[PDB]
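One structure is given below, encoded as structure tokens.
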Amino acid sequence: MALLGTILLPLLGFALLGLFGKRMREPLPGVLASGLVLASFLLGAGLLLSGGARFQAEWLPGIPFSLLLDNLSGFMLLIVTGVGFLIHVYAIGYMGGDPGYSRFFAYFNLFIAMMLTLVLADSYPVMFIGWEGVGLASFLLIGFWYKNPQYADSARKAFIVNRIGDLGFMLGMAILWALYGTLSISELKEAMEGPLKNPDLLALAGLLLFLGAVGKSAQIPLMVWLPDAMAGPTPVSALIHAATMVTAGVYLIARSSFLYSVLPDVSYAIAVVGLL
Amino acid sequence: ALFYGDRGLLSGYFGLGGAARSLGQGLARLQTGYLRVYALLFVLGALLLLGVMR
Amino acid sequence: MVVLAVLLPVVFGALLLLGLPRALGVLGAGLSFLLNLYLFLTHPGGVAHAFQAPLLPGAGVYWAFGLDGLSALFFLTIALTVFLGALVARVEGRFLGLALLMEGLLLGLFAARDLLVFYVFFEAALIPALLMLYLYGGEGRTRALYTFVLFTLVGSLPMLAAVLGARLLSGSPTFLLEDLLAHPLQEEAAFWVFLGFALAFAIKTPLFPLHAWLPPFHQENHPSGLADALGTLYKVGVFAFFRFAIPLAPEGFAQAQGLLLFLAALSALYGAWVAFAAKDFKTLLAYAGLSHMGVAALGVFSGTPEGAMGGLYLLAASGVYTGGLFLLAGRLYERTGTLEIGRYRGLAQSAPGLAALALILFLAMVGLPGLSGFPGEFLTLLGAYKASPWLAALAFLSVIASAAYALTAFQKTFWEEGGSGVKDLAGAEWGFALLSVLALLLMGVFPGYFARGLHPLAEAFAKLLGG
Amino acid sequence: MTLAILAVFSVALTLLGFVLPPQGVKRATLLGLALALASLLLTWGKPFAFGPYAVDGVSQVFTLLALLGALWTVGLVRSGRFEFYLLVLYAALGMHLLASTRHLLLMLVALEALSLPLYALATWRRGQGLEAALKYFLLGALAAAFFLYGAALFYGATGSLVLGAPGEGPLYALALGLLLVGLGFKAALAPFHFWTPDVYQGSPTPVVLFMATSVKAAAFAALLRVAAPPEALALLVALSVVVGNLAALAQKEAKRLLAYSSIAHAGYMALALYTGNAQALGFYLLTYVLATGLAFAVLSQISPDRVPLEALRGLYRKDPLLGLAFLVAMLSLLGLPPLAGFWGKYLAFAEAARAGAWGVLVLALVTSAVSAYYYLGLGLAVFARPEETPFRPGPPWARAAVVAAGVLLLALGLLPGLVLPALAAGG
């Protein structure tokens, strides 16, 4: 329950700054956002220092709600929380005289909570939840200044490519559900060891997972959507290109290393695409 | 193109309904009002019935 | 018991129709909502509120009702959606009584525990549709009315021969679903019965070749879209498929499974694709509803209880948020006067939370995780991939077009250059949007709580296709 | 002991019209019909037969319906010719005798006795009335000649002129066909349907009411005694319903369209003949009589000579209750829930499926779905913009009659298990 607070803080923050939002002074939304990010960095460092964390809640039959905090997840968590606190301060300074301050920092809080939902996941559907939440927050922030139509179609293209990647993700997950029936990365790893079965289907699922990763991290051919993210403010572009929404492409492969390692050809293809 | 095709499919449904009305007025044309016509068609239908009974 | 909640919207709609005032509909829909929620809680099982009364002893007709896991949450969904449409309506033509009557009719339709009462409600649901269509709006009202009504009736009337064959050829003494399920139909006889069922249920699903009645229906209703919301609730086809069509004649469904899955896939794709080409809100929302019905029918037809539970959950939730979008388009009409997508761009700056409401609704439409659409969408994907991967993959070249059309409409309606300026929100619309977002979040983030009654029916009727 | 009441009233009135004004004669006819109806009801569950006259549930129900139709059509007839009432009485008595015997020859005498006064009542002297009367009389005498040769070949296949005999092969089938010709003509079944549109269009509207209710009722009452083979029944149903609905699609006038619709409805009623249930058919005809008498009472309030479809429009604004009852009638004849037409239609289709005729039933259902086009184009026209049209908003007489008809239709549609328990011997 305590681990869920890391996500819940920049959700209550988002709700305050979105619903009421403009009932506050100008710095206060950024203040609340950066304070929640800091007290989430703190609670993540404290939970990791306690050895690790696990959380499981009731969900769809066969697909429960599983959060796992280990070294690999805590790495991304600390990175995102720290850089997010820094960029939140840089936005408090950088955002000035433009309306939507509260809305802007609510988008920030939502982005942070969704990225946390992504990294803290023992089940792939929770990873997909984080995927689509980050995509939505990106669509929103890229089109922050809505009064210009030009900086709307950029986020349109971004979310469309994102949903192509998400469809590949969904199909790979349906594959690794028809085969095994677990879809929880813990038991998925404990079940993928030993006598692999139908290696063609496994390589296909991994290839679709890599397709989703390409759209998320803007690899070839889906490269083109990333430059248009210039439409959004500079701190938005920073958070999108450095700490989040692209690093998830690498994190998916890091967690699915057990799958990609028994796929030599798929991994060689990943290397070729990375070089290109 | 799929929008135009959907419009065309609805047009084909329309054509089905129009075929129904045209068939209807061809059958309503059967009654002209000349009593000889009604008597002939009556006896014709009755003979068809009597043949069917076997 | 069940009959009380089934009849409450009927009697309230009567008291609004002949009696006064409009306000009676708001409080009536609220009482219905509370009663349907109370029935949704403490639900032990199917027999929860069982009702059995004789009507035609000799012919075999009985009022037969009961709350299955399906009947409970569909009662709750209908009550909620119609209450929202009752407060926000702004039609105020004094015909919200017709909306409550249709609500009660759909309730009796879902709660039917015997075949003939289900058939009776299926045929009765036609009258209010043509009524609120004809005298309460639309330029091509007569032609769209004839099209929709004739399609439904050409499907429905042969289904009477189908049900008469299903009862008589099985030697079932009654029309009770219990008894009828107790006596199976034979090969090349369940074939014809299922064919007569599949026509009437596909033309109302709707599937691809039989959807031509949907856009004209949605265009010429009252511009507020209350009639449109209730017609979207009138896509009960899938339900009748899962409970009645397949279990009563799986022998024909054996040959028809691939065909129906293909139809569902192409229908979903076609709807979500054409919705991009839509130049008005009614066309877009009609094609979107077609896509969602294709997805639901796919999930049910795939066997694979995953797919079936997904299809039903997606059906209920899609009814909810599509009715919400319809009412929203109607309110934006009443404050503006047009449903065109190109015009009236500046909305977002003038509409503070109406933008957020429309956004939440479109997100639930495209099936965003955390909102109501994604559980059904993904469970249906899993079940379909279990059944046939190819049609599931093709069918899910839909989320792409979903995002495309939804984002295009949202952007060019709200985001772009400021226009004249538009009213912010009405007082009733405040509760409308609040409750909309509440229900959407609760059904999307907590799909565990809802649909628990759907799992037993799903796995049982899916294993039924086996030995 | 109801037929005695009818005979006494008719024979006494025949002379009393010389001393009584036609209005007093009208009051007398109305009293006689109400007394006969009450005597029928007090005998409910008391079958009574003296000679070839035999009263069962069929006689009881169908004569009740015929008496209802006669009362309703007499209410509107206000001409100062007491003969214009006497004839009505005859038809009732005549139709009574038609449903009250199995004797084929007494069946012929009853048919002639109920039909002849209709020929004379159809004379408002409008030039179309003459043409209608001529077609009617000639085709009816042709059908009577066919029916008589059929009764003769029946006597040839069996020593008695009473139905139910064992029956031979080709000769019995042939006699059955020669009877079915006349009986379907009287019931307006195709391909004997030609006379019905012209006659309904030409005759004065209230007379068309009386016809389209009581004549069809008694015709099916007589059909129920016949053991019509399934092939003949299927052909009649197919042709009748198809032509009925299709030719009704092309109709521009309300009365002709309604005549073709009644051809289609006789086609539907011809399903209960599969089993001769006499419960399904009794229920169907109850609902049909009520709805059609209602519709034609409204049309008579509009115009006796001829009523186009546009005249129906704006009726709700003109008279709300009238438009509502007309909508009820159009839907009940469409056989749509929760109206009793659905229950009558279902009972006929259940009899048909129990007999095992499937494709015929499917074709009937498709034609009934096609019928919805004009059924709605009539029912929904009530709400349209009122165009130029004569409108006579009736006396309280016809208003109350129409209201009672619609109320009974909806009441028995919503809870059919009220009277349907007593359509057999009458518990």
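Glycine gets a Cβ as well: all are built from the backbone with ideal geometry, and neighbour counts include every protein chain shown. A short reminder: the numbers here are calculations on the coordinates, not readings from a lab.
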Q) Sorting D:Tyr119, B:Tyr4 on the 10 Å Cβ count, fewest up front, what's the list? A) B:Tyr4, D:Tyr119
Q. Peptides D:242-248, A:155-161: what's the order by average Cβ count within 10 Å, highest mean first?
A. D:242-248, A:155-161
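Based only on Cα atoms, what mean projected area does the convex hull of chain C have, in nm²? Write down the numbers at each step before the final one.
Numbers: hull surface 78.5 nm².
If I average the Cα hull's projected area over directions, I get 19.6 nm².
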**Q.** Net charge, B:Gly33 excluded, C-beta distance under 10 Å - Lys, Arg +1, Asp, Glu -1
**A.** -1
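Multiply the residue gap between D:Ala145 and D:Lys46 by 0.36 nm, knock off their C-alpha separation, and tell me the result in nm, one decimal place. Before the final figure, lay out the partial values.
On the way: separation 99, 0.36 × 99 = 35.64 nm, distance 3.53 nm.
Once the chain is fully extended between D:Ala145 and D:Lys46, it gains 32.1 nm.
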Q. With the radius of gyration and the Kirkwood radius both derived from the Cα set of region D:159-289, what is their ratio Rg to Rh?
A. 0.99
Q | Close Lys-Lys pairs in chain C, where close means Cα under 20 Å and separation is 8 or more or interchain | A | 7
Q) With a ≥ b ≥ c the root eigenvalues of the C-alpha gyration tensor of region D:1-159, is it rounded (a/c under 1.5), prolate (a/b larger than b/c) or oblate? A) oblate
Q: State, in angstrom, two size descriptors of chain D derived from its alpha carbons: Rg to one decimal place and Dmax to the nearest whole number.
A: 20.2, 64
**Q.** Ranked list, fewest to most other Cβ atoms within 10 Å of each Cβ, for A:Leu42, D:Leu64
**A.** A:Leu42, D:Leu64
Q: Using amide H atoms built 1.01 Å from N in the peptide plane, name the residues 5+ places from D:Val162, or on other chains, whose amide H lies under 5 Å from its own.
A: D:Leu104
Q. So what's the angle, to the nearest 10 degrees on a 0 to 90 scale, between helix C:427-445 and the longest Cα principal axis of chain C?
A. 50 degrees
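Can you flag which of A:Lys157/A:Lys189; D:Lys135/D:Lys318; D:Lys216/D:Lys255 are past 27 Å Cα-Cα?
Values: A:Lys157/A:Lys189 35 Å; D:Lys135/D:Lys318 36 Å; D:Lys216/D:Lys255 16 Å.
In this structure, A:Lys157/A:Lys189; D:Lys135/D:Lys318 lie more than 27 Å apart at Cα.
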Q: Would you mind pulling out the separation of the Cα centroids of region C:156-218 and region A:47-85, in Å?
A: 50 Å
Q: Decide, for chain B, between rounded, prolate and oblate: order the square roots of the alpha carbon gyration tensor eigenvalues as a ≥ b ≥ c, take rounded if a/c falls under 1.5, and otherwise choose prolate if a/b is larger than b/c, else oblate.
A: oblate
Q) Rounded, prolate or oblate: which fits the protein assembly as shown when a ≥ b ≥ c are the square roots of the eigenvalues of the alpha-carbon gyration tensor, with rounded for a/c under 1.5 and prolate only if a/b beats b/c? A) prolate
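How much FRET efficiency would the formula 1/(1 + (r/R0)^6) give for D:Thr14 and C:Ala189, where r is the Cβ-Cβ distance and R0 is 60 Å, rounded to 0.05?
Working: r = 61 Å, r/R0 = 1.02.
The calculated FRET efficiency here is 0.45.
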Q | Estimated inter-spin distance, A:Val31 and D:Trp358, nm [label 7 Å along Cα→Cβ] | A | 7.9 nm
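Please figure out what share of the DSSP beta bridges in chain C is antiparallel and state it in percent, rounded to the nearest 5. Walk me through the intermediate numbers first.
Numbers: 8 of 9 bridges.
Around 90 percent antiparallel, to the nearest 5.
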Q: Rounded to the nearest Å, what's the spacing between the alpha carbon centres of region D:270-319 and region D:347-393? Just the number, please.
A: 11 Å
(Q) Between C:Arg343 and B:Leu9, what's the calculated FRET efficiency when r is the beta-carbon distance and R0 is 22 Å? Round to 0.05. (A) 0.15
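Order D:218-227, A:245-254 from most to least packed using the mean count of other Cβ atoms within 10 Å. Show your work: numbers first, answer last.
On the way: D:218-227: 23.4, A:245-254: 19.4.
Going from most to least packed, we get D:218-227, A:245-254.
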Q. Can you give the FRET efficiency for C:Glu178 and C:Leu425, using 1/(1 + (r/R0)^6), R0 = 35 Å, r = Cβ-Cβ distance, to the nearest 0.05?
A. 0.10
Q: State the Cα centre-to-centre distance between region B:10-54 and region C:11-31 in whole Å.
A: 50 Å
